[PDB]
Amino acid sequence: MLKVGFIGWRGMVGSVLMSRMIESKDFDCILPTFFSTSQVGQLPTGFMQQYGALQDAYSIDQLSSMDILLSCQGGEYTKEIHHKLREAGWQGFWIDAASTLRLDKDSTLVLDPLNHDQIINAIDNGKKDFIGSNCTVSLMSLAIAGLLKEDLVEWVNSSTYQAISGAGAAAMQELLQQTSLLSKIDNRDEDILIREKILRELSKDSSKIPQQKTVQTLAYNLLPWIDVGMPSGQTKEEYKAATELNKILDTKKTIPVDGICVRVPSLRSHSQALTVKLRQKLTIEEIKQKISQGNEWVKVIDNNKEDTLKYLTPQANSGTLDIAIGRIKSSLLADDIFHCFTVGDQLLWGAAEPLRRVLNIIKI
């Protein structure tokens, strides 16, 4: 019976993964072991308790005995531990959320509705590192999967409207708190433009409104920089997109992906405006048809107001496995370009779900 170890389970991706596993009976045929850095040797509270004591995340001996380890811990942890394990002779499967290993020749990026047949080929060829892609790539590729499978996409501009969850649980707490504080200081009786001014000036004071995590106040704001600077002009968040998509599809012919990644005051759903150039001209009805058949999670939202405002939003989509996609229209830019807008949940299809699903492929 497979000994599977879990690192990262305490955080958001990790809880969402746990919850998705409980719901799917994914613990049934494995011997879980739960790793930690805090109450080690202690019995955790919750269901995890039935698997016994928490072992040490940094103990290399304990990690070594697992057949499969699954980390939502982060890149600082993967950089600091993964190499020690291979250096120390461990030949088990490393399933990881962090971006560190994404691009190594030994790694396979996992998004099984697009590259199942490749995950299998990798496991089969004695490959052992299976890494979740960046949330933007996962969520996009799933939305237009029915075009990508037919190799109909020449390139993709994406402009993202990214939620705070991708940044972790303290960033979200911060966002909620910024918004709380500003809501207190805001006075209904004051003139509307003066209120806006008052919030605006308050939002800038780092000693009143905590902004160390979001660097600046995110509430009533936008932040058009995610991650680290690249010499090309992109953030790291943005450069990911093209290379990962092509690694997932294992393209003969590179499909360029570009645009800008913007943090907005949403909580767990990433949204994206896509401008997609096709390899051939297609009617708009052919495009919807194909999109609608990409997988079972794609959820087409018809291009009208009532349905767009009700279903093509973070409000509507958060918590769910739906890849909503709408505003599907032809473009004035060129006869072969179309536009659409999509929304999906960062924590699930964006982080946790692909990991859970590849685990299942590895264990059976």
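In this text, residue numbers run from 1 along the sequence as written.
**Q** Averaging CA B factors per stretch from the PDB record, which one is higher: 82-90 or 145-153?
**A** Higher mean C-alpha B-factor in the PDB entry: 82-90.
**Q** Take the C-alpha B-factors listed in the entry for 72-80 and for 265-273, compute each mean, and give the stretch with the larger one.
**A** 72-80 has the higher mean C-alpha B-factor.
**Q** When you compare the CA B-factors of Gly259, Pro224, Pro231, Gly166 as listed in the entry, which one comes out on top?
**A** In this record, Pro231 carries the highest C-alpha B-factor of the candidates.
**Q** So if I compare the CA B-factors in the entry for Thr33, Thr320, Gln42, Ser330, which one is the largest?
**A** Spelled out: the listed residue with the top C-alpha B-factor is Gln42.
**Q** Where does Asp336 sit by CA temperature factor within its chain: lowest, middle or highest third?
**A** Lowest third.
**Q** What third of the chain, by the recorded C-alpha B-factor, contains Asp26?
**A** For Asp26, the deposited C-alpha B-factor lands in the middle third.
**Q** According to the PDB entry, is the CA B factor of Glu296 in the bottom, middle or top third of its chain, that is, lowest, middle or highest?
**A** It belongs to the middle third of the chain when residues are ordered by C-alpha B-factor.
**Q** State the tercile, meaning the lowest, middle or highest third, of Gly46 with respect to the CA B-factors recorded for its chain.
**A** Answer is highest: the recorded C-alpha B-factor places it there.
**Q** Would you mind ranking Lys290 by its C-alpha B-factor against the rest of the chain and naming the third, lowest, middle or highest?
**A** According to the entry, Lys290 has a C-alpha B-factor in the chain's lowest third.
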